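Undergrad: Here it is: the structure, laid out below.
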Amino acid sequence: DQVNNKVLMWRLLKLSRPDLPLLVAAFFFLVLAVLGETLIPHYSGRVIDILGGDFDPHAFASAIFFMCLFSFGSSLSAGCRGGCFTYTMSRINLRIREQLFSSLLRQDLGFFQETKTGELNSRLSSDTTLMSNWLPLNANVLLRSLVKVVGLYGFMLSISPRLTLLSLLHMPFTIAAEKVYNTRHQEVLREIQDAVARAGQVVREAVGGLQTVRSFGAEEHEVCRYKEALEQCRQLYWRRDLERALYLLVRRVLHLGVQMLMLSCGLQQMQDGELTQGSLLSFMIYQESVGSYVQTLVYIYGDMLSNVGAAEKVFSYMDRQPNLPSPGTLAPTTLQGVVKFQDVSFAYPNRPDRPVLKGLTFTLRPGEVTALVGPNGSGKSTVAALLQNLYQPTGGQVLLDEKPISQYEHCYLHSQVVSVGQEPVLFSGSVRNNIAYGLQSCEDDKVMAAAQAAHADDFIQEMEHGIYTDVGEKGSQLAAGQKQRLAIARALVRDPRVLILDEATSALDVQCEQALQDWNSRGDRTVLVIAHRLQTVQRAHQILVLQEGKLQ
Amino acid sequence: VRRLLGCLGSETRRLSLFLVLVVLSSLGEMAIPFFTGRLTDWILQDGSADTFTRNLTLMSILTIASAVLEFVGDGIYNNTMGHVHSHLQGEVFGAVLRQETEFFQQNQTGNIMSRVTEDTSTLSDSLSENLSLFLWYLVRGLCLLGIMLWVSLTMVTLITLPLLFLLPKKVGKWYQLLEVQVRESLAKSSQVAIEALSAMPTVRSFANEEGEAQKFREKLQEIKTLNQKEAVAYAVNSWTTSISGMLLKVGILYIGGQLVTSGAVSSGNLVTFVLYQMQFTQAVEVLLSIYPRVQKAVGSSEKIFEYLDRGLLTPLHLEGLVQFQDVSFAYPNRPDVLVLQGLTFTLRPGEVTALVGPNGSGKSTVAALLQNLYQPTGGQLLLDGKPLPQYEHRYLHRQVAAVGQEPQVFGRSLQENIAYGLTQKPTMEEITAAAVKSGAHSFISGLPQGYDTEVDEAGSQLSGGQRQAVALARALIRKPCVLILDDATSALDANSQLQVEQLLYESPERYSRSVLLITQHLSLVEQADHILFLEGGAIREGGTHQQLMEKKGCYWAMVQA
Amino acid sequence: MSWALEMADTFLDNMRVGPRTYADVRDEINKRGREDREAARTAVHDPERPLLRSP
């Protein structure tokens, strides 16, 4: 726990190293803003010192002029550091989103089933911005205090050494209290979390067994047991508030205790020592803050570890990269057009003890047309995903032209292998972007000819801005037929070797596919026809009759 | 509003005692500037010890006493607010259980979890924090504006405040206009982030994942270019808000300086005026931040109030005859479209009833009717010559027993779970005999520390058979007349099914215990006394299995197919 | 918005010897951050539905 949070902090700061220079400028403007603010009492004292004795117009004018200038410069310097610190928050927040988004895309699809859409957003939106807020907020408060404390103690030491040691020696008395108060507080908060957790668990079990509680009918006991847990929980809030109010009293008494004991000697410093008239008023104005700034300094050191636990839940995504095979790229010099499955065993990564597909041994598919017969929930899409290499096979081997699918390149497999799904994948991009989805340099004539071959060209022609028509997110503007025809236009735009069809021809037009799957275009490779069309099943040569995760 | 205030107030007196205690302390809180003024004017003119010390002693006594009055007052406030927090949380929890089952059945858990604990906690937490500070600084404001009279000085300060809070909000509006664009452009990037990832396998199928990161990088750089203007705007706003402070402070030096030159009001009185004016502005500055949060909080409060505002016949002689006189069981959603319709039931003492039929053919509704959770829509459903509503909840709990379909188990120990729902505490011999009779004694004696073993969440430790056996012992421990079981032993073992069947049929207590349950096991029905062939609510036939087999009806078809 | 950083500056500008102190200032960020945590997830679709839909 303690080492983990330290190492995770040491990991956190390392991410900010590219934005070092601006933090040094922010440090310089902060030091300037503090050292400016500490100079405002010094002159204001000297104005009161000079003024009582004589009008002294040049001294009076100059002292006010410089004081008023330094205040203006301090106010300016206090702004620009804020402008730097708020800009620093943009750096880490925009950086972490890019790293998080890029890291998630590399992760396996099995995790996506486990992960919740609401949580993944919540961490991406809030939990990042907390982590980006962390370092500037911690650095600003720490650095502003550190410089101001040693500043004030310096500006005290310039005035006198006699009244400083007694005021300094009291700080251990305050620092010792905060260490007890914080250790008391954090334990009570963690106790309250556990108390509220037990009180909540009763509501969770009650909500879980509503019918049980209503059938037997002893609600009064459930309310009484909830009230019993609420009573002991209520005591923890009372202890916290009583301990805090007591600390307010102790601090309020101790503040004036040091102030009175100081000021009394401060009066003697005029009579006996002959220190200075205005310097007493300055030293008081300095003192007033000195203690109050230590309160932040003692708290921030201990408090630093609390916000680290928030980052851990983001870093949990970044931690692990275990899935998939080694990224080695076999390049297809010529289109082999040979799909195979040697003694395959398809099981889901989400749950190991479930029998999905076992002993899928056949292969030998190249010429003519291939068909994949099977009932509802037989696992035809699982075989298509196994052929396309979405999920890794639990047993056997998915060979392609006497070579492993994992050993194939990802771009080469995406280029060579294809799989026309039933439901059309929609995106926010334009018709050209959707038509050239995952294309490095798609040809304009190729995209238009692919759409014309796919039979969406009449729809694309009438559409506003033609090929640059903005597609509505989740398929808003385009119809079901256009959504299906778009997938045909994608397949035509690819012009890939292998091209499976998972229930695509049922919704879309029948005449469109055959022309693409005949002649020179058909020679790219065979097609795994997984669909309900018996006419397509009759026309095809090969017919894999699947049954109960086994070849009939 | 009126209901909000009327419900929340504690005593007529504890809060009144607190309010009087705050005022008397508040004068002691703001006593310091008068003593500071006296301390300053002493240095300029006077040189007496007694007057100076007397001032410091009164200063110290008032400041120390005020701290004690605050320490007590805050204690009484937090003690009273604790009672209100506990009372409101106690009242709101009961209001859930008071409402009918239709809301629980129709609506999901997430609503009834989040609306109860989180909303009531975060409301009362906000109210406790806000109302404390609201009533504190108002008394400070009124008392300091009071002592400020002891006319021209008050006329000055009244005119200044508006100018203090004019420029920050006026310039801050133009600052805020840019923020909504950053929020929208951020939400846009997150929208595209979720939209791109949501359909993962379509991205994974192709090699688009590399390309999308560039589109993400562009959408981020479009924010990055805008952020430069937002970052400097914060610094510009910081200057305008800060400079107004020096404009105010210098104005006081010039306006006060003329009064010092004229020599009407003294330097000490000027120091008090400056201290009170500086304290007043900083006090009021916090007071303005609550009024939005009250409007934010009260919006939830009215919905919590909207959520909240929605003849015990005793046990003595067990008659044991249930008459569904032309009954009609219908759900709360659809009044006309009933689950059970034209019910003509007629139970009796010492007779195993049965209700054979299809999936959702008034099976659960009939059992729920007999238990009397949801009342009958039409006709009548008397038990022992009297309506179920007439019986006392505890008495009906004792008389009627019903094992549910989903074998639920609480988080407590096996003794607590076995003896759940009872006024008097169950004896160890009773708990042991119930577990022995029901057939859970092997499960109870087999586990660690007997009945003291804590049951895990969602039935983790206990199995399906152990949960069903525990549910059987839970019902058996009461020793009730009516015995219900809708889909109880669905995934029951050979050893379990035989035990439940023996307890149902072979057991001596069955003579004084009616058993009307939706039988999963056919043999349990085949070896019963009374039966009914349900069909969309209405009973088609009602007799013996041999009679139904001989006549050839629903039971014959159900037995055959 | 970067609201949190404004609140710290407001506190560090006017310290005094008040009742709230920096201990509260962090709790305001914890409270407001948890509100954003609640608001973010509830904005789009539904939290119960995972990323991948089909079993």
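Protein chains in written order, with UniProt numbering: chain A, 130 to 681; chain B, 173 to 322, 325 to 484, 492 to 742; chain C, 1 to 55. C-beta: ideal position from N, C-alpha, C; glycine also.
#1: Whole angstroms are fine: how far does the CA of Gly-442 of chain B sit from the CA of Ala-162 of chain A?
#2: Are the CB atoms of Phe-491 of chain A and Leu-657 of chain A nearer to each other than 9 Å?
#3: Taking all protein chains shown into account, do 16 or more other C-beta atoms lie within 10 angstroms of the C-beta of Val-537 of chain B, making it buried, or fewer, making it exposed?
#4: What is the rounded straight-line gap between the Cα of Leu-521 of chain B and the Cα of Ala-656 of chain B?
#5: Please name the residue in B:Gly-531, B:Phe-526 and B:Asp-565 whose C-alpha comes closest to that of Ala-548 of chain B.
#6: Quick one: is the Cβ of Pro-481 of chain A within less than 8 Å of any heavy atom of the ligand GTP?
#7: Is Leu-673 of chain B helix, strand or coil by DSSP?
#8: Does the beta-carbon distance from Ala-669 of chain B to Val-584 of chain B come in below 9 Å?
#9: So which of B:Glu-716, B:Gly-718, B:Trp-737 and B:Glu-610 has the shortest CA-CA distance to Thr-725 of chain B?
#10: Between the region 515 to 522 of chain A and the region 553 to 563 of chain A, do three or more beta carbon pairs fall short of 8 Å?
#11: When DSSP builds the beta bridges, which residues end up paired with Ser-548 of chain A?
#12: In whole angstroms, give me the CA-to-CA distance for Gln-504 of chain B and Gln-680 of chain B.
#13: Under 7 Å, CB to CB, which of the residues in the region 166 to 178 of chain A have a partner in chain B?
#14: Start and end of the beta strand (DSSP E) containing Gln-471 of chain A?
#15: Cα-Cα, which of A:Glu-497, A:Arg-614, A:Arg-654 and A:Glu-552 is closest to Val-666 of chain A?
#16: I need the DSSP call for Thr-399 of chain B, collapsed to helix, strand or coil.
#17: Would DSSP call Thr-613 of chain B helix, strand or coil?
#18: Using a Cβ cut-off of 8 Å, which residues of the region 371 to 404 of chain B contact any Cβ in chain C, in chain order?
#19: Compute the beta-carbon to beta-carbon distance between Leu-637 of chain A and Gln-664 of chain A, rounded to the nearest angstrom, for a pair I have assumed lies under 8 Å.
#20: I think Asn-250 of chain B touches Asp-599 of chain A, with their Cβ atoms under 8 Å apart; what is that distance to the nearest whole Å?
#21: Using only alpha-carbon positions, find the residue among B:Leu-338, B:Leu-303 and B:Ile-429 that is nearest to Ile-464 of chain B.
#22: Check the Cβ of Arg-16 of chain C against every Cβ in chain A and list those closer than 8 Å, keeping chain order.
#23: Pick helix, strand or coil for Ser-605 of chain A, following the three-state DSSP scheme.
#24: List the residues of chain A whose Cβ lies closer than 7 Å to the Cβ of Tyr-408 of chain B, in chain order.
#25: Of the residues that make up the region 443 to 469 of chain B, which ones have a beta carbon closer than 8 Å to any beta carbon in chain C?
#26: In whole angstroms, give me the CA-to-CA distance for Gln-322 of chain A and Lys-660 of chain B.
#27: Distance check for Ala-616 of chain A and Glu-572 of chain A, CA to CA, integer angstroms please.
#28: From the DSSP output, which residues share a beta bridge with residue 488 of chain B?
#29: Report the rounded CA-to-CA distance for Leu-298 of chain A versus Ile-304 of chain A, giving the unit in angstroms.
#30: Which residues in chain C have a C-beta closer than 7 Å to the C-beta of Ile-368 of chain B? List them in chain order.
#31: Give the DSSP-derived three-state secondary structure of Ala-582 of chain B in the structure shown.
#32: Where does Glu-320 of chain A fall in DSSP's three states?
#33: For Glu-183 of chain B, does the three-state DSSP call read helix, strand or coil?
#34: In the region 238 to 250 of chain A, which residues sit with their C-beta less than 8 Å from some C-beta in chain C, listed in chain order?
#35: Which chain A residues are close to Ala-239 of chain B, counting only those with a beta carbon under 7 Å from its beta carbon?
#36: Does the region 187 to 199 of chain A come within contact of the region 172 to 179 of chain A, defined as at least 3 CB pairs closer than 8 Å?
TA: Walking through what the data contain:
#1: A direct Cα-Cα distance of roughly 31 Å separates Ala-162 of chain A from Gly-442 of chain B.
#2: No; because the gap between Cβ atoms is not below 9 Å, this pair is not in contact.
#3: With 16 or more Cβ atoms within 10 Å of its Cβ, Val-537 of chain B is classed as buried.
#4: Cα to Cα, the separation comes out at about 25 Å.
#5: Of the listed residues, the one whose Cα sits closest to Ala-548 of chain B is B:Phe-526.
#6: Of ligands this structure carries none, so the ligand GTP is not represented either.
#7: Here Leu-673 of chain B sits in coil by DSSP.
#8: In contact: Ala-669 of chain B and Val-584 of chain B (Cβ atoms closer than 9 Å).
#9: Its Cα nearest to that of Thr-725 of chain B, the residue B:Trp-737 stands out among B:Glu-716, B:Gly-718, B:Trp-737 and B:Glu-610.
#10: With the rule of 3 Cβ pairs closer than 8 Å, the region 515 to 522 of chain A does not count as touching the region 553 to 563 of chain A.
#11: Looking at the DSSP assignment, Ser-548 of chain A forms a beta bridge with A:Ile-629.
#12: Approximately 30 Å, taken between the alpha carbons.
#13: Residues are counted here when their Cβ sits less than 7 Å from a Cβ of chain B; for the region 166 to 178 of chain A the count is zero.
#14: Annotation for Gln-471 of chain A: the continuous beta strand (DSSP E) segment containing it runs 471 to 475.
#15: For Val-666 of chain A, the nearest C-alpha among the options comes from A:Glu-497.
#16: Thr-399 of chain B falls in the helix class under three-state DSSP.
#17: Correct three-state label for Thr-613 of chain B: helix.
#18: Residues of the region 371 to 404 of chain B whose Cβ lies closer than 8 Å to any Cβ of chain C, in chain order: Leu-371, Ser-372, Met-374 and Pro-375.
#19: The pair is not a contact, with the Cβ atoms about 15 Å apart (cut-off 8 Å).
#20: Contact doesn't hold; Cβ gap of about 58 Å is too wide.
#21: That would be B:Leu-303, whose Cα lies nearest to the Cα of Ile-464 of chain B.
#22: In chain order: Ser-421.
#23: In the structure shown, the three-state DSSP call for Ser-605 of chain A is coil.
#24: Neighbours of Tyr-408 of chain B on chain A, chain order: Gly-211, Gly-212 and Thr-215.
#25: For the region 443 to 469 of chain B, which is checked against every Cβ of chain C, the residues closer than 8 Å are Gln-456.
#26: Roughly 41 Å separates the two Cα atoms.
#27: Computed Cα separation, rounded: 17 Å.
#28: What the structure lacks is residue 488 of chain B: chain B is numbered 484, then 492, with the residues between left out.
#29: Cα to Cα, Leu-298 of chain A sits roughly 11 Å from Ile-304 of chain A.
#30: Neighbours of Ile-368 of chain B on chain C, chain order: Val-44.
#31: Three-state result, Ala-582 of chain B: strand.
#32: In the structure shown, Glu-320 of chain A sits in a helix (DSSP, three-state: H, G or I).
#33: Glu-183 of chain B: coil per DSSP, three-state reduction.
#34: Under the 8 Å Cβ criterion, the region 238 to 250 of chain A contributes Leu-238, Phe-241, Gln-242, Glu-243, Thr-244, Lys-245, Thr-246, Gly-247, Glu-248, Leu-249 and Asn-250.
#35: In chain order, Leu-378, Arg-381 and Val-382 make up the part of chain A whose C-beta sits under 7 Å from the C-beta of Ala-239 of chain B.
#36: A contact exists between the region 187 to 199 of chain A and the region 172 to 179 of chain A.
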